[PDB]
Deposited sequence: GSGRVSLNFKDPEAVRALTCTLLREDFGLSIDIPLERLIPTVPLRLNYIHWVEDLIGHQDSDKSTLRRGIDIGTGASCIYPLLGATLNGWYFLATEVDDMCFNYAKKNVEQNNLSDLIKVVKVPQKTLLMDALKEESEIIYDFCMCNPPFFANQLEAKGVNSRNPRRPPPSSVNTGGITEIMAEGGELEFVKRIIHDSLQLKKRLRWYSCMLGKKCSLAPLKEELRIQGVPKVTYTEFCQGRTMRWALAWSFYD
C-alpha cells in the first residue's frame, strides 16, 4: 500500500484500518466511489447527537434517522448504529453503492439497525417516507452528491440538492425532528439560510467541521417550536 496520502489506495487503507481498530467495523469499498474519511464523518454524527438531545435513562428510546445517499461505505449508519445504537433508513440511487452498502451492513451484523434501500433518482425523502404514520424520525443527515473545463459547476450543484431537501421538509414538516445536510463551501450557507428564512422555517442552526486542511459546514432546521 502507498505511503503517500494523496493516493486513494492509501486513504482507503487508512479509513478501513481506522474503522477496524477503533470500532471493530470491517468494510469493503471500491476505489470507484467516494472513500470517506472517518474524523469528519464522526464530527457530523456527534453534531446529530447534540441536535436530537440527551435522554434520561427512564425515557431512553430507539433513535431513528435517515441517511440520504449512504455511499458504498454506508459510513454514517455504521458509525451511528455502532457508537449510539441508532436505527437508520439509508438510501442510495447508485447500484454499485447500494450493493456495497448492503454487504457492509450484513458483514458487520447490523441488519437489525440499518435498512438500506435503493430509491428512484427523482426521489428524496418524500418517496421514502410516504404513508409513514407510525413514528417520527429524529433526524436526517446527508453528505450531498456533486452533480467543459469548468465542472466546479459540480460543486455548485450542492445548492440545488440541499434546496430539494428543503422542498421535501416543507411538506413533511414534523414527521422528522431535525433535517440536516453537510455543505462543501461556506458560500453555500447564506442562500440556504435565506431560503429557510423566507419559507418561515422556525428553527435553523449551523456549525463547522474542521479536519486539518479541509473544512465543511453543516446546516440543520426544524419545524418544532
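Colleague: What's missing from the model if you number the deposited sequence from 1?
Modeller: Several regions go unmodelled: 1-4, 152-176.
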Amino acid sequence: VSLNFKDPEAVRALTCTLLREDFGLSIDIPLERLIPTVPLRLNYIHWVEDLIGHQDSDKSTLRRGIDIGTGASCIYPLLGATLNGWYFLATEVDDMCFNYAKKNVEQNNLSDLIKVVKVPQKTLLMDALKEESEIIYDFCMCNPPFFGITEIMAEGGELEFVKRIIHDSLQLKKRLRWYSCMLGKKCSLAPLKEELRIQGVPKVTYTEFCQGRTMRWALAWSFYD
From here on, numbers count along this sequence of modelled residues.
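Colleague: Identify the stretch, either 120-128 or 96-104, whose C-alpha atoms have the larger mean B-factor according to the entry.
Modeller: Per the deposited B-factors, the answer is 120-128.
Colleague: Averaging the C-alpha B factors as listed in the entry, name the stretch that ends up higher: 65-73 or 183-191.
Modeller: For C-alpha atoms only, the mean B-factor is higher in 183-191.
Colleague: Please pick out which of 111, 91, 150, 82 has the largest Cα B-factor as recorded in the entry.
Modeller: Comparing C-alpha B-factors across 111, 91, 150, 82, the maximum falls on 150.
Colleague: Between 196, 52, 31, 38, which carries the biggest CA temperature factor in the record?
Modeller: Answer for 196, 52, 31, 38: 196, with the highest C-alpha B-factor.
Colleague: By its CA B factor, does residue 140 count among the lowest, middle or highest third of the modelled residues in the chain?
Modeller: It falls in the bottom third of the chain.
Colleague: Lowest, middle or highest third: where is residue 43 by Cα B-factor in its chain?
Modeller: According to the entry, residue 43 has a C-alpha B-factor in the chain's lowest third.
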